[PDB]
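Taken together, the values in this text are just the output of simple stated rules run on the coordinates, not laboratory data. Cβ: placed from backbone, ideal geometry, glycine included. Neighbour counts: every protein chain shown.
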Amino acid sequence: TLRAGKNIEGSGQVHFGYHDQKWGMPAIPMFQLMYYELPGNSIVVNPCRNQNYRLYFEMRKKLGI
Amino acid sequence: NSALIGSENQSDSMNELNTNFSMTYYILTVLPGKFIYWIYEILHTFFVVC
Amino acid sequence: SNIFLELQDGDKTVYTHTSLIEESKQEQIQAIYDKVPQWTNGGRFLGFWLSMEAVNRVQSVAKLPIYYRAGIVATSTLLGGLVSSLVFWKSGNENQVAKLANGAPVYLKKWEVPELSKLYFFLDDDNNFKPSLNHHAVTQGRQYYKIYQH
Amino acid sequence: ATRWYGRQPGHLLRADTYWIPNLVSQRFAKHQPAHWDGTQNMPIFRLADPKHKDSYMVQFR
Amino acid sequence: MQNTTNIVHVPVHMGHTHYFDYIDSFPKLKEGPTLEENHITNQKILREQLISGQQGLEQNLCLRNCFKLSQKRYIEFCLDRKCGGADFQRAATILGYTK
Amino acid sequence: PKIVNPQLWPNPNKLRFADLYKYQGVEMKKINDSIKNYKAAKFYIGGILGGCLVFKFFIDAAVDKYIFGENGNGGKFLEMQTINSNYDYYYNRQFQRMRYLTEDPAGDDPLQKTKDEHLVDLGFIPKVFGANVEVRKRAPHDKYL
Amino acid sequence: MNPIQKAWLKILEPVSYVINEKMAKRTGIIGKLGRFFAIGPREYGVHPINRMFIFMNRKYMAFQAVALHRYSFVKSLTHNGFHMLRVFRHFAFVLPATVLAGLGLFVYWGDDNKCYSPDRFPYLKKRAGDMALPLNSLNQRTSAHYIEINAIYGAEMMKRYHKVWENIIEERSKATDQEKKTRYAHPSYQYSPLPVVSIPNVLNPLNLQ
Ligand SMILES: CCCCCCCCCCCCCCCCCC(=O)OC[C@H](COP(=O)([O-])OCC(O)COP(=O)([O-])OC[C@@H](COC(=O)CCCCCCCCCCCCCCCCC)OC(=O)CCCCCCCCCCCCCCCCC)OC(=O)CCCCCCCCCCCCCCCCC
Ligand SMILES: CCCCCCCCCCCCCCCCCC(=O)OC[C@H](COP(=O)([O-])OCC(O)COP(=O)([O-])OC[C@@H](COC(=O)CCCCCCCCCCCCCCCCC)OC(=O)CCCCCCCCCCCCCCCCC)OC(=O)CCCCCCCCCCCCCCCCC
Ligand SMILES: CCCCCCCCCCCCCCCCCC(=O)OC[C@H](COP(=O)([O-])OCC(O)COP(=O)([O-])OC[C@@H](COC(=O)CCCCCCCCCCCCCCCCC)OC(=O)CCCCCCCCCCCCCCCCC)OC(=O)CCCCCCCCCCCCCCCCC
Ligand SMILES: CCCCCCCCCCCCCCCCCC(=O)OC[C@H](COP(=O)([O-])OCC[N+](C)(C)C)OC(=O)CCCCCCCCCCCCCCCCC
Ligand SMILES: COC1=C(OC)C(=O)C(C/C=C(\C)CC/C=C(\C)CC/C=C(\C)CC/C=C(\C)CC/C=C(\C)CC/C=C(\C)CC/C=C(/C)CCC=C(C)C)=C(C)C1=O
């Protein structure tokens, strides 16, 4: 956020002013069943990317490969 | 913050007028009742889960 | 419906794909290819039943090693399925699919046959975002061989 | 411009064994073919946004 | 000003559920055809386009590639040099850019 | 190999103090027992690697079948499936259009923009325009979301 | 002791002679230095890591034998061998399967070893210098085709511009000062000759082709 152009006074996420806070997940089963941390490995490239390989199969046949 | 020692959370009801409409003698009347119900919730839980 | 067809244009042997045929007829073709195993499995039963009835009731083959008796039933089993497949296709089906392919494009070589579900296309903004094969990386065209007639 | 580009939601997989309701429900789900419509943004999974109806259990912090 | 502040231009409905905050529905959301229906719908367009829309195609692509240039003087040069002496307004009507 | 002894102190007699000289041997004796197992496993490990070398040629052909397919037009590699219902799909699309139409307030700093007080002194008097109150923001086609 | 330590000794045979025979028995700091770096067998030379593996290998292997040594679920179905009523027979092959899967514990450790990582979000944060990125970064991308195709296109066209650039410079050298100042000039310009001066016509200041 600093590199993106937003200077930061203070530190942390315990916002003293008029902002919503997000405390850490309470380490008790009640909240551990409702919530779970975001796994970054589940954010993926859309498989529509693989449909661009259709161009390769067509060019190969056009060139007689 | 009324239970904290040297609180710095001045924006969390520390500098505001905070009254209520509950019974007075809070620590003698209201606060024990909250602990009484607490003991019921946990005794009812132990007896059930056990 | 992903089926490659081999059609006879007189002396030529041409090829096409069901995806190049209207969906109304793809169903009629798929329904035909779905009745083949029931004619194949049905014939294997007869070849297995008739063979078992002969190697046992006929006291000329029953007096033979079990290996010879088992080979006849095994040979008659799959052989009974192949015969059923021929009668199914040759009767009126091999000629029906050709009629269902009337109007479809054909090619001289199987390698030249495209699968419509595998072609690259884009949504043409200049045509109400309709899907188009003439994408901005296209150069010449498709240039199939001919339209099948039957 | 940077904040705007960042709200365009990313793609988050539906597969989830961490939430016990999906751990059970997804055992009975049927994976059907997602036919390509000519785009590179088909949301065939859930979206990486806290307000998405299938991602609200995830903690974005 | 609140950091988690957003201005939305289309209606949204939020879920009134405990411990969760999300958008559960969009007012007046119509479900279009399924992916399998649009697929079949597109296959019909690509099929006719494959059989009946490939003759005289090389010329139209040259016109389309010429009109993607930055300046008009280069478009005219592209048409006269690559498209066999085509006219600007006559080609724009073929491509559908004329009113 | 022989080890150089500074001879600063006399070593204890092996006969009188034998336990002091034992640890070194039992340590090598352990390693030798391990080597007997390494050698005995030459055929088991080799048979696996030989199977990997043979399995390698079948995997090559399956990759081409998976990517190119039957007639070089594409195989199951181009297939993609989903568990989302039709409502879930059109909900996500409208969720994309909503985020395309989700802006933040106040925009950027006007002080980082060209001033009207400066254009005057530069030779151009700007013309003041009114607000366009008749335009409605809408989302583009799905392909651009 | 092990073979690797014996290899050091053969290599350090002359070094052992200098430090032990000569230095170690001198007096002063030269002796303190030799007696400190004396060469021989290692005091406290045991390797705890190697010893740790041996312990966990033996402890985990005894667990494998218990989990893998089970009565068959198949043989208990006929009620004729050793098992008439086994109401939990369907749990017999759970631990064996669990132990066999343990062979992939390290082969599949972490996220990158369970998928093609370049298609996952964490890979991007690593290529940006372990820097946090917006979650939609995998989508806001320019075509890799354009970047590589345009790099070839630009260079292939520069080769054709170099040739045209030569014919223009050549044709302009045979042009009069009047033409090279009136051609491509603004209509409102009135040409006025300049004094003739000697200015060489060098194509490439550096002696290049
Ligand atoms: C010739 C005659 C001369 C004399 C004549 C005149 C004599 C005097 C006449 C009296 C005149 C009126 C007095 C007015 C002045 C009051 C000044 C004052 O400080 O009062 C403050 C006090 C608090 O009021 P406040 O601060 O103004 O707040 C206003 C609202 O309350 C706020 O509203 P709220 O709802 O928010 O408040 C919540 C409410 C909560 O609701 C309640 O009221 C709680 C009630 C639960 C308990 C009720 C049972 C009490 C009695 C049980 C004993 C039974 C024994 C017999 C059982 C027989 C069974 C059939 O109130 C409280 O929380 C109060 C908490 C503070 C009190 C608790 C702690 C007290 C300590 C007790 C220890 C006693 C040990 C002995 C020590 C003696 C010396 C100090 O006022 C009173 O409580 C009045 C008390 C009246 C007495 C009631 C009967 C008591 C009987 C006790 C019998 C045992 C002793 C036997 C003695 C026998 C003698 C013959
Ligand atoms: C890479 C290559 C891969 C190749 C794979 C494909 C090829 C594999 C080949 C597999 C076959 C190899 C074995 C065949 C050679 C056997 C030669 C032989 O010597 O046998 C006679 C031999 C006679 O011994 P013997 O004492 O020395 O004979 C002296 C005298 O002849 C004794 O004098 P006798 O007068 O007492 O005669 C006794 C004789 C009597 O023999 C007979 O009379 C023959 C009667 C057979 C009738 C079977 C048809 C039953 C239905 C008739 C219904 C009609 C009424 C109702 C009609 C309603 C219509 C809706 O005993 C029998 O053999 C009767 C056994 C009955 C077997 C019934 C099995 C029924 C299965 C039904 C499903 C068939 C599915 C076919 C699959 C096709 C599609 C995939 O007995 C045997 O060796 C038994 C062999 C084991 C039986 C094999 C049959 C299958 C058993 C397992 C069940 C599998 C069924 C399929 C289920 C699949 C559905 C999911
Ligand atoms: C060119 C090649 C040349 C080929 C020819 C060469 C021939 C050489 C032969 C070499 C010998 C091969 C070894 C096997 C034959 C040995 C002969 C023998 O007598 O065995 C006795 C032998 C003696 O027992 P043992 O020595 O004391 O101990 C044996 C084991 O250590 C431990 O024994 P265990 O009995 O304790 O283990 C039991 C385990 C054995 O492991 C398995 O087999 C796994 C089974 C999992 C599948 C179970 C399917 C259940 C029914 C499904 C029905 C639908 C089917 C549709 C399938 C569609 C597929 C997409 O199965 C279980 O886990 C039982 C419980 C499973 C859960 C049950 C849940 C049922 C309810 C589910 C309800 C949900 C659906 C409701 C919907 C209702 C709607 C109507 O027992 C064996 O059977 C050994 C088999 C162990 C595996 C060996 C594999 C070696 C590697 C070979 C390659 C892999 C091939 C296998 C592929 C199988 C398909 C995936
Ligand atoms: C294409 C799908 C359909 C295929 C055909 C029908 C398949 C039927 C279901 C197959 C299930 C296979 C997977 C489960 C394995 C069985 C598990 C089990 O518990 O079995 C243990 C049983 C043990 O039986 P048991 O009786 O010995 O001991 C069990 C005793 N109790 C019950 C008390 C514990 O062994 C079997 O596998 C028997 C299953 C027989 C099913 C075969 C059907 C065909 C019959 C033979 C052909 C007869 C043709 C006519 C012959 C005429 C004369 C020659
Ligand atoms: C099969 O049955 C099973 C067992 O046996 C019963 C088990 O014990 C177990 C349990 C597993 C264990 C007890 C093992 C535990 C090990 C774990 C957790 C990982 C251990 C990791 C280490 C000790 C760190 C190793 C670090 C390195 C090797 C890097 C430093 C070394 C470098 C860079 C040298 C370069 C190495 C190579 C080029 C590899 C070539 C191999 C060689 C031997 C060359 C050696 C060369 C020289 C010069 C010594 C299982 C799961 C099992 O299934």
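To the nearest 10 degrees, how steep is helix C:66-88 against the longest Cα principal axis of chain C, on a 0 to 90 scale? So the helix axis and the longest Cα principal axis differ by about 40 degrees.
Qualifying GluC sites (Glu not before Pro) in chain A, where qualification requires a DSSP coil assignment and no more than 13 other C-beta atoms within 10 Å, comprise A:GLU9. Summarising the label geometry, the points placed 7 Å from Cα in the beta-carbon direction at F:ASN132 and A:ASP20 lie 3.3 nm from one another.
As a footprinting exposure proxy, order B:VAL49, F:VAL54 by other Cβ within 10 Å, with the fewest listed first. Could the numbers behind the result be given before it?
Details: B:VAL49 6, F:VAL54 9.
Ordered from fewest to most neighbouring Cβ atoms within 10 Å, B:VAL49, F:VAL54 come out as B:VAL49, F:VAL54.
If you restrict to DSSP beta bridges whose two residues both lie in the protein assembly as shown, what percentage is antiparallel, to the nearest 5? Show your work: numbers first, answer last.
Numbers: 23 of 25 bridges.
Just about 90 percent of them are antiparallel.
Shape of the stretch C:45-102 from the C-alpha gyration tensor: prolate (a/c of 1.5 or more and a/b above b/c, with a ≥ b ≥ c the square roots of its eigenvalues).
Where nothing but the Cβ of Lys and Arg (+1) and of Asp and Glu (-1) is charged, how large is the charge dipole of chain D around its Cα centre, in debye to the nearest 20?
Working: 9 positive and 4 negative charges, 35 e Å.
Result for chain D is approximately 180 debye, rounded to the nearest 20.
What's the angle, to the nearest 10 degrees (0 to 90), between helix G:48-68's Cα axis and the longest principal axis of chain G? With both axes taken from Cα atoms, the answer is about 70 degrees.
May I ask you to list the chymotrypsin sites (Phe, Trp or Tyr not before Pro) in the stretch F:1-109 that are in a DSSP loop and have at most 11 other Cβ atoms within 10 Å of their Cβ?
Numbers: sites: F:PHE17, F:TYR21, F:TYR23, F:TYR38, F:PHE43, F:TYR44, F:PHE55, F:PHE57, F:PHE58, F:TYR66, F:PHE68, F:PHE77, F:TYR87, F:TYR89, F:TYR90, F:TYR91, F:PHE95, F:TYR100; in loops: F:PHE17, F:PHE68.
In loop regions of the stretch F:1-109 (DSSP not H, G, I, E or B), the sparsely surrounded chymotrypsin sites (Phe, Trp or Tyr not before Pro) are F:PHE17.
Pairing the Cα long axis of helix B:26-49 with the longest principal axis of chain B, what angle in degrees results, from 0 to 90 and rounded to the nearest 10? With both axes taken from Cα atoms, the answer is about 30 degrees.
What do you get for chymotrypsin sites (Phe, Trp or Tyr not before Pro) in the stretch E:1-87 restricted to DSSP loop and a cutoff of at most 11 other Cβ within 10 Å of the site's Cβ? Could you put the intermediate results ahead of the total?
Values: sites: E:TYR19, E:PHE20, E:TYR22, E:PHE67, E:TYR74, E:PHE77; in loops: E:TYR19, E:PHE20, E:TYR22, E:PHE67.
Taking the stretch E:1-87 and a limit of 11 other Cβ atoms within 10 Å, the loop chymotrypsin sites (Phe, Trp or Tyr not before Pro) found are E:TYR19.
Peptide E:39-49 shows a mean partner chain C-beta count of 6 within 10 Å per residue C-beta. Inter-chain neighbour count for G:113-125: the average number of beta-carbon atoms from partner chains within 10 Å of each residue's beta-carbon is 3. One Cα centroid belongs to the stretch C:1-37, the other to the stretch E:36-99; the line between them spans 33 Å. Overall shape: prolate for chain C, with the ratio a/c of the largest to smallest alpha carbon gyration tensor axis at 1.5 or above and a/b above b/c. Relative contact order of chain C: 27 percent, from C-alpha pairs under 8 Å at least 6 residues apart in sequence. From the alpha carbon centroid of the stretch A:1-60 to that of the stretch G:120-152 is 16 Å. Highest mean packing first, where packing is the average number of other Cβ atoms within 10 Å per residue, the peptides F:138-145, G:43-50 line up as F:138-145, G:43-50. Placing unit charges on the Cβ atoms only, positive for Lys and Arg and negative for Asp and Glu, gives chain E a dipole magnitude near 620 debye about its Cα centre. Computed over the protein assembly as shown, the Cα gyration tensor eigenvalues convert (square root of 5λ each) into semi-axes of 60, 54, 43 Å, ordered from largest to smallest.
Computed across the stretch G:92-209, the Kirkwood radius stands at 22.5 Å (inverse of mean 1/r, all Cα pairs). When the charge dipole of chain E is built from unit charges on Cβ atoms (+1 for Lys and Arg, -1 for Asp and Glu) and taken about the Cα centre, the candidate among E:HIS13, E:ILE75, E:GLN2 whose Cα reaches farthest toward its positive end is E:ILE75.
For chain E, the square roots a ≥ b ≥ c of the C-alpha gyration tensor eigenvalues yield an a/c of 1.5 or more together with a/b not exceeding b/c, which makes the shape oblate. Using only side-chain charges placed at the Cβ, +1 for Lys and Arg and -1 for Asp and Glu, the dipole size of the stretch G:14-133 relative to its Cα centre rounds to 380 debye. For the segment G:136-147, counting C-beta atoms of other chains within 10 Å of every residue's C-beta and taking the mean gives 4. The ranking of D:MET57, B:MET23, B:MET14 by Cβ neighbour count inside 10 Å, starting from the fewest, reads B:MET23, B:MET14, D:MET57.
Which whole-number percent gives the relative contact order of chain F, counting Cα pairs below 8 Å spaced six or more residues apart?
Values: 31 pairs, mean separation 19.2, N = 145.
Here the relative contact order equals 13 percent.
Taken as Cα centroids, the stretch C:51-102 and the stretch F:25-83 sit 42 Å apart, rounded to the nearest whole angstrom.
Exceeding 21 Å between C-alpha atoms, which entries from my cross-link table qualify? They are C:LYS130/F:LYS65; D:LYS53/E:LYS28; C:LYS25/C:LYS146. Kindly include the intermediate steps, with their values, before the conclusion.
On the way: C:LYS130/F:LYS65 32 Å; D:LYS53/E:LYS28 17 Å; C:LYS25/C:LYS146 19 Å.
The answer is C:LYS130/F:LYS65.
Modelled spin labels at B:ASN1 and G:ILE169, positioned 7 Å past Cα toward Cβ, are 7.7 nm from each other.
Once whole DSSP H runs in chain F are found, which of them have Cα atoms spread over 20 Å or more along the helix axis and a mean Kyte-Doolittle score of at least 0.5? Walk me through the numbers before you get to the answer.
Numbers: long enough: F:23-40 (27 Å, -1.11); F:42-67 (37 Å, 1.09); F:86-100 (21 Å, -2.19).
Membrane-span-like by this criterion, though nothing is claimed about a membrane: F:42-67.
Among G:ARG58, G:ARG160, G:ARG127, the largest mean-square fluctuation in a Gaussian network model of chain G, built with springs joining Cα atoms closer than 10 Å, belongs to G:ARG160.
Towards the positive end of the charge dipole of the protein assembly as shown, with charges on Cβ (+1 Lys, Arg; -1 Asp, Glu), say which of F:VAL133, G:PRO193, C:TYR120 has the farthest Cα. Final value for the positive-end residue is C:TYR120. Each residue in C:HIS136, C:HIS150 was given a count of other beta-carbon atoms within 10 angstrom of its own, and listing them fewest first yields C:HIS136, C:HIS150.
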